[PDB]
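Below is one structure; the comments refer to it alone.
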Amino acid sequence: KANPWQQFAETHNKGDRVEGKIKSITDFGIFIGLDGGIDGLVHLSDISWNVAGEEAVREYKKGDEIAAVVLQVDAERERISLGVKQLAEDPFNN
């Protein structure tokens with residue numbers, strides 16, 4: 001909302017576990033971060049297969065969406081990488 005640079009220092013973490021925020025939207029830059037923890041971004045979601053996640057995410061809760069760990073994240077490169085995929089598989093997929 002204001003002073004986005006204050007969060008740029010919060011993404012300096014590495015090796016912790018965060019959760020996807022619902023404050024963001026699909027097909028418009030998916031962002032995944034914590035209230036004061038790290039923050040992520042994904043502009044590649046601007047393509048989508050057929051439907052927009054704007055609705056699928058509208059069903060989630062406050063701060064609910066996904067769950068993973070943040071190991072590498074750049075505010076200038078906008079490159080976010082999680083280890084949730086290396087941690088273990090799952091019975092479902094987002």
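Oh and the sequence shown: position 77 is 77 in the authors' numbering, straight run, nothing missing.
Every residue gets a Cβ at the ideal spot worked out from N, C-alpha and C, and that includes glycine.
Problem - Beta-carbon proximity check, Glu10 vs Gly53, cutoff 8 Å - result: The residue labelled residue 10 in the question sits at position 10 within the sequence shown. The residue labelled residue 53 in the question sits at position 53 within the sequence shown. It is not a contact, given that the beta carbons lie outside the stated cut-off.
Handout entry: Cβ shell of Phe31 (< 7 Å), same chain only, five flanking positions each side left out
Key = Stepping through the sequence shown from its first residue, residue 31 is reached at position 31. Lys21, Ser24, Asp39, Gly40 and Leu41, listed in sequence order.
Practice task
Taking all protein chains shown into account, decide if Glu78 is buried (16 or more other Cβ within 10 angstroms of its Cβ) or exposed.
Solution key: Numbered from its first residue, the sequence shown carries residue 78 at position 78. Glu78 should be labelled exposed.
Exercise for the section: Find out if the Cβ-Cβ distance for the pair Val69, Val84 is shorter than 8 Å. Expected result: Position 69 of the sequence shown, counted from the first residue, corresponds to residue 69. Position 84 of the sequence shown, counted from the first residue, corresponds to residue 84. Cβ distance < 8 Å, so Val69 and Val84 count as in contact.
Problem - Beta-carbon gap between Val18 and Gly33 smaller than 8 Å - result: Sequence index remark: in the sequence shown, residue 18 carries index 18 (1-based). Sequence index remark: in the sequence shown, residue 33 carries index 33 (1-based). Cβ atoms of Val18 and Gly33: closer than 8 Å.
Problem - Reduced DSSP secondary structure (H/G/I, E/B, other) of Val42 - result: Sequence index remark: in the sequence shown, residue 42 carries index 42 (1-based). Residue state, collapsed to three classes: strand.
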